[PDB]
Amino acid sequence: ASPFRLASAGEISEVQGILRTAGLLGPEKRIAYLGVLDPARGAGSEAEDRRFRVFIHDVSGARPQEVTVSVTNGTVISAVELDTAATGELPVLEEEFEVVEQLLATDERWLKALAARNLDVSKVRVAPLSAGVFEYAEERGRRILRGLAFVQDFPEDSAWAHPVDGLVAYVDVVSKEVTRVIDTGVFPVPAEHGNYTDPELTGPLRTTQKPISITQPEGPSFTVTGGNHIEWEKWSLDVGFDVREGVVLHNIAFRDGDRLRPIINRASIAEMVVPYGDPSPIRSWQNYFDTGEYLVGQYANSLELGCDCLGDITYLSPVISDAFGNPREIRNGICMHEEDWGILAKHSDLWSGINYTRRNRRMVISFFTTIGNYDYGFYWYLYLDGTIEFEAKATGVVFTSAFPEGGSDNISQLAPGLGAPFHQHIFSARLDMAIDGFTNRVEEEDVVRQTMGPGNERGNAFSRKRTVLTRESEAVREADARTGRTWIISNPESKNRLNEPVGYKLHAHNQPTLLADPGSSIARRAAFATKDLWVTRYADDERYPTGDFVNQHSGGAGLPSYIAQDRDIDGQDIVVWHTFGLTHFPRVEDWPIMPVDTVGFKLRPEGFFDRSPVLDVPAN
């Protein structure tokens, strides 16, 4: 019934049938992206029309297509031929990754390079990576992957311990041609293994850890209905899943008395970029757009009870399409559970004699993805007191290189001869706001210091200032941790009992943004990542900060082009885009497998409620 229900296996099969019947999905076609479209603005109206957007690749080299289908009515709504040299290539296909190592294994230049290093081609793994846009004219309009080599000494060996530096190859994966093989010189291949399950390296395992048992004897406090609608401790929301963005939260609302009050219409991580800061020509092109180029939902892990998710777990198993339009289930791909979260509020009062303690808890919605060497956990948290928080957890194996003899300003040493280039992991959260409805505005709040003098004779006063962002051209903002800068999203037409507009405050972690030179290719392609906060007027087709087709696309799409429209955002339907990330200078302790590091953001109510919203929490 709900328009926001997860896509079903039947819907995906019906999309396949509709596309085949229309002549759009013959044997030479591949589905590079398939996802359900959100309803247009206007609750109700069309009783129910489930629409899907599909990107269709052609393996014979014909132009790809973008198609919109109505599964409800069994019709193709629109189909447009794409000019990829202009608007960008489709996302990378899983089947294209395998092509790279196979093609290189028969190329005379590649084999000569491996022979010069005394390496057996049967032991050389090739990491197939996205190409970006650089100086190579022949790559315009072609689907290119670039390959970096690692040695695997035996089938269970961690190849990341043995990078083959000085060597890179470029591959046209449609015409199956090796365009270039670049060899800048022989580097020793680091010889130490990185096998973190080898007892030779782990030593004897600890016997000291006693079990921690987390159970809920009466079951969890949340309910799941309609497959993906959650009700928990006055929160209401729908949990979506898209193969590009991963978990998407819809219709986040809070039950305040008898009113269901909207807070966020749609919350997602709409892009994530991993730029590398090593100027070696072997790696200076390396930038992963995990969301836009690879599609993070495609690589979601199946999460194991007691290991990945601990406690009383409710799972969702979202369905995605494979490259031929067949439904594929990601079994146990989303974990949901509640967690104790310490003290919520506490006071022991001398004058009244009342001692008061209440405990906090949070609802957790999580999934984990694996893209090559890296593994990323995405966690959304809802708290009893109205706080909403996102946290990304980065782990996996760091990307490696040789460590040069005379040292490096851009690479860390992890082991003898083994380096790890500096890099960042930068996320973009797209928050389609709906604070008490769709009439919203953003204010920037700074601390204000005051000088000692008349009206401040003891020099103790301090204050704050709020600046309303009224047009898109002024809504590209930077962090300022020194002045305690935050942003408030408020509804000027909905007031609390003190006659002030209701609002939520965005608290950033104030980590560095994109470090690359502003003239670089990556700064143009990931322009969103150069600023901490952007605000746009809502529009149906403005979904990603990097545009629809990121792979091998130059600049010209995404947030800088949206903002140029200079639309009114003062009491309007607005979208907040928040950039946040980690700057990773790898340490010895990150090797051979990295302990989790985290980054995120949170939103807290700011005069949204008329008093604390957790006065009705019982005393356990």
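Don't overthink the numbering: it's just position in the shown sequence, from 1.
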Ranked by mean Cα B-factor in the entry, 506 to 514 and 259 to 267, top stretch is 259 to 267
Could you check the entry and say whether 333 to 341 or 380 to 388 has the higher mean CA B-factor?
333 to 341
Which one of 88, 545, 292, 407 shows the biggest C-alpha B-factor in the PDB entry?
407
Going by the deposited entry, which of 130, 284, 401, 473 has the highest CA temperature factor?
473
Can you tell me which third, lowest, middle or highest, the CA B-factor of residue 491 falls into for its chain?
lowest
Just say lowest, middle or highest third for the CA B-factor of residue 23 relative to the other modelled residues in its chain.
highest
Could you tell me which third, lowest, middle or highest, the C-alpha B-factor of residue 437 occupies within its chain?
middle
Assert third(CA B-factor, residue 10) within chain per record equals highest
CA B-factor placement of residue 534, once the chain's modelled residues are sorted into thirds:
lowest
